[PDB]
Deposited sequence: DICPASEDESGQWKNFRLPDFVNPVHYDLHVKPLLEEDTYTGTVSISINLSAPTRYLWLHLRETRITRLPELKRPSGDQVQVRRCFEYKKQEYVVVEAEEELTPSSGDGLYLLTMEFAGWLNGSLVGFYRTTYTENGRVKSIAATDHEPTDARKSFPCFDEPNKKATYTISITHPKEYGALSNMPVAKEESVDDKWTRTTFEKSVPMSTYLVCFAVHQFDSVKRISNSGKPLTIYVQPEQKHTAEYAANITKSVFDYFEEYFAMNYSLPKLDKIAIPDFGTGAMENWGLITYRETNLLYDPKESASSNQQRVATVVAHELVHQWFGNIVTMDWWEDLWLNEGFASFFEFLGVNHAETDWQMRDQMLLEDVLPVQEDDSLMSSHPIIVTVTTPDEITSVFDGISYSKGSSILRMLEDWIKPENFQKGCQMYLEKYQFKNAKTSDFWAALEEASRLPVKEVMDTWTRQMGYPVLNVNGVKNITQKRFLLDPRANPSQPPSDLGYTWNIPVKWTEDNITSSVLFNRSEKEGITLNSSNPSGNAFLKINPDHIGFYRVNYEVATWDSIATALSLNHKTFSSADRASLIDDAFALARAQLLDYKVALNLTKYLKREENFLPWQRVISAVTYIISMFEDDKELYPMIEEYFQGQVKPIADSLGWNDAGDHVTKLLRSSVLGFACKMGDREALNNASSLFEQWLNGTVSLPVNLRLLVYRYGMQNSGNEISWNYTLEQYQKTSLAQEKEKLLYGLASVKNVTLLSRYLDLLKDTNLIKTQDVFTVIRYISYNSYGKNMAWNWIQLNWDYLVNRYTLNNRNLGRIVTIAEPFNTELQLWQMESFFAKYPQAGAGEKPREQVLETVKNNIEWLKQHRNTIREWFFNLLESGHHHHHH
C-alpha cells in the first residue's frame, strides 16, 4: 500500500513505450525465496543514465509489489528527496516523483535507484516461480524464472524492453541444501546462517531483461567440455540423469559447429541447460542458462521415439542459435522479433544437420516450416513479418508461425539466391557490427548487401513489410505472371492496405533438363516475365526453395500426373512433395480443378519417400476432415486412400528397422493406414496394445504412440483406461507421459473423457504446462471434438483466472475449432466470442479460426460434388 495505484494520466508514463532519455547501465539484484512459503523478497539497485529534465522516474512492475519507499542517488552520491511513489496499472509502471528534476549523467557518473519488492512463487509459470517433483518418495522443490517477452517485470522491477540492455550482477540467498544457478558462473558463496547461503554471480555482459534468469535447485548434472574449453552442462533430476546424455552430445556438437560457423566466440564463460518439471513454453534461451520443458530436452534411447530424438536435437540447436542471434544481437523492438526467431528457426536445421548426417534435415525444412506456414500466410488474417505491436498482449501474440516459419522460409530463399557462402559472411559481419547492441531489419539487409552487392533491401522488403505470398501463373510453358495467393477466392486481394500493393520481387529458379537457371522477377514487370534448349517441360521452383506457389497450365498438370504414374522418381522427393502441396492448395483456393489435384495421387501405391507422403497425408487429412459426417463421400475417400498407403505400410511393417527417415516414415504411414480404417493396421495396434496391458512387453519406440492411440480407440475400456492413467503417473520420462495422455484422449467413451476433462483442474495429476495439450488431444476425439470445445466455454472464466489473457496458449486454444464447417458451428463460435470479447493474446487466433471456419463452409459448397464425382467414377 506504500506505492499505491493512481489513475493519473498527466505524465510520460501514460505512454506505452518507455522514454528515450532514461537508460539503465547496471543492475544489482538480490532475491531471497521462502520456498515452503511460496514467497520471495528482493532488492534492486539500478544505475541510470538520465538525459533530460524529469521530475519522474518510471519502469515496469507487475503483480509484485514495492514494499519500501524507493531511494534515489545523484551521480555525486547525494540522497534525492522523494515526495511520492505510485503505480500506474494501464501500462504496468511503478512511478516515483522526486521533489525536484535533476539532469543528465554527463561524465561517467550515474543515478542510482534502489527498490525493495515482495512477490509470489505460486499460481504461475511466468516471472519467478516454484514447482515440485518427487524423488525417492519425497516432494522436492525447484525455483526458476521465465520472462520472454514482458515477464521480467513480474520477477523484479526493471526497464523491461529488449533495447534497454544493461549489465547484471545477481545474488540469491537460499537454503544451503540447494544450489543456485544464473546466467554467469558462481563468483562467491558465503554463509548467512548455518541454514542459509548467499550465492553471488560474476558480472554479466550487457543483455536484455527477458534474458535474465536464476534458479534454485537440487539437480544432478551431466557434463561436457567445448572446443573453447568452456564447461557445457545439463542439470537433471538424479532419477532422470541417464536421459540427459543425448542432449549433452548435441549441445557439444552444435555449440562447436555454430561458434565456427558464425566466426564468433560464445560470450560467456559457461553454458547451462535445465528442464523445469513444470514449464510454460518449449524452451527459453536465457544467456548461459537455457531452460526447457522436459519433452524438449530429455531423451531415452530405450523408450523415446525418433520423433522425440529429432525434437530434442532441434530445440537444443534452436536454443543455441539464440546465443548469437537474439543474445549477442537482439532486435530493437518486438516488431522485428523474426530477427531472433526466424534466424533460430533457420539455423537450427544447419546445427542438427551437422550433428546428425543422415537425417535429411535440409529437406525436412519443407515439412517443418515452409509448407505449413504457406497455409497460415494464405489467410487474410495473417500479418507481415515486421509487425506493429502496441500492448503486451500484442507482443506475445507474434511468437507465431510468421515470426518463426516464414522467418525461416524467407531466409532459406534468401540464402539460396545470394549463395550460401555470401550469406554466411553476411551474417558474420552483421554479428560483429551489432554485438551487444540492438539491430533493426534494415540493418540486416545493409549487412548482406555488403556481402553480395545484390539489391537485398529492395527484394527482401517485399517479403517482409507485407503479409502473404504470390502464386506464379504459367502461360504457355514459359511465360510467368504473379498474383497474390489467398485461400478465400471471395477475399479482397488488396486488403489490408500495402504500400507495395501485394506484388513481390521474386527470386525465381527453374530446372531445364537437369540444368538450373535463375532470374529476379521485378515488381515493376507488371505484365510478367519470360524464362530464358528448345523446351517441352520446365520445372519451376525446385525443392520449393522460394516462398511462392506455381500454377502450371492444366495440360502440364495432367502430364505431371501421367509422368508420376509411369516413373515418379523422375522428380526429386522434395519436388514431388512440393507439386502435390501446390496442387492441393491451389484446388483449395479454387485456382485449380480438384480432379487435376486428385489425379496426382494415383501413383501413390509406388511412393516410398518421406516428404511426398507427409504432404499427401496433410492434404488428405483436411479433405477427410471436411467429409467426416458425409456418409456418402467418406467411405469412398477412406477406401481409396487406404489402398494407396497399403503397399508402403505393409512393406515397412510393424517394427523399428531402418535409418532415421525410414522410421519417421513408418510412423506416419502406419498412422495414416490406421486413420483410413485398414483392418490389418488396426489389428496390429490392438494386438500390441493388449500385450502392453500385460505389463512387461516394452513397445517398439516408433510405434508406441500409434498403439496407445488406436489401441485405446478400438479396444479401450475403463479397466485399460485406469491402467493407462496409472502408467502415466508412474513413468518419469516426460516423452512417454505425453504419449499416454494422447492414449487417454483416444478412448471412445463420453464418461471417461468426462473424467479426463475434470482432471484438468487437478494439479497433482495434470501439470499446468500440459493442460492445453490435453484439451487439444481430446478435441481430436470423435466425441471430444465437441466436448473440449464445450468445456473451454463453460470453464472460460476459470482458465482466464488461472492463466491470464496474456498467455498465448490460452489465446490459441480456440483453434480447436479449426475443423468446424457449418453455419451452426460458426454461429456458436461467434456467440461465444461475443460473450467473452476481451480476447487478450487470443485476438489473432480468434480472427484466424473464424476465417478458417468460413472458408470451410464455402469449401463444402464449392467442391462437394466435384470431389464426389472424382471418387465415384474411380471406385
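Unmodelled regions of the deposited chain sequence (numbering from residue 1, in sequence order): 533-536, 880-888.
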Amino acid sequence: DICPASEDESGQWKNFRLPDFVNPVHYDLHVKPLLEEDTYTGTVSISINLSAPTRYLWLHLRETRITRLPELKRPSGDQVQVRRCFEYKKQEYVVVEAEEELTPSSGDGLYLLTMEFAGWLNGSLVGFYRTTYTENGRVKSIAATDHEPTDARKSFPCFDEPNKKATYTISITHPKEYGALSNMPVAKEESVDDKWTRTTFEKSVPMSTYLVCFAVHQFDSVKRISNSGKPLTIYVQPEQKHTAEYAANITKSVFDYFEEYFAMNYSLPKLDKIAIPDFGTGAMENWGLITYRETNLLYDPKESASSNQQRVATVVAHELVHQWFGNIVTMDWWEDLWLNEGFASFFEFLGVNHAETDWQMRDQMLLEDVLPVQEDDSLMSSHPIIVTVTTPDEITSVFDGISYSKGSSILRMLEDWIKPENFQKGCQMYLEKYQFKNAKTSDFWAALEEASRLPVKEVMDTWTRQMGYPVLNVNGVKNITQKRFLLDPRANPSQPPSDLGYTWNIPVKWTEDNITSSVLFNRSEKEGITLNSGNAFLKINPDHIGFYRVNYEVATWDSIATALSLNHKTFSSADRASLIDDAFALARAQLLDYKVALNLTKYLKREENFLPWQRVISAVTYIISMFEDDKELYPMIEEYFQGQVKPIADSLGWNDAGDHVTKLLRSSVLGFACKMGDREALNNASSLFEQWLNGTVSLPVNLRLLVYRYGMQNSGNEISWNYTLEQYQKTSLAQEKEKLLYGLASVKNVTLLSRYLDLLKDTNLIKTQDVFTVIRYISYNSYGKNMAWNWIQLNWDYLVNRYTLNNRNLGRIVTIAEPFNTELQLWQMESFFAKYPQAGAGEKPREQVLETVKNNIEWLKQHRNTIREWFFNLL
From here on, numbers count along this sequence of modelled residues.
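Only the largest set of C-alpha atoms that superpose within 1.5 Å between the two forms is called the rigid core.
Taken in 5 other deposited structures of this protein and fitted on the core, 196-204 and 102-110 differ in how far their Cα atoms move from the shown form, and the one that moves more is 102-110. When the two stretches 761-769 and 458-466 are set side by side, the higher mean Cα temperature factor goes to 458-466.
Across the two stretches, 448-456 and 132-140, the PDB entry reports the greater mean Cα temperature factor for 448-456. Annotation for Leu744, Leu371, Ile395, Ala187: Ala187 ranks highest, by Cα B-factor. The entry assigns its greatest Cα B factor, within the set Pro819, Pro33, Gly840, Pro53, to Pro53. Ranked by Cα temperature factor within the chain, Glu202 sits in the highest third according to the deposited record. Sorting the modelled residues of the chain by their CA temperature factor places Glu432 in the highest third.
Per the PDB record, residue ranking by Cα B-factor puts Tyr836 in the lowest third of the chain.
In the deposited entry, the Cα temperature factor of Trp827 places it in the lowest third of its chain's modelled residues. Among the modelled residues of the chain, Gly107 sits in the highest third by CA temperature factor in this PDB entry.
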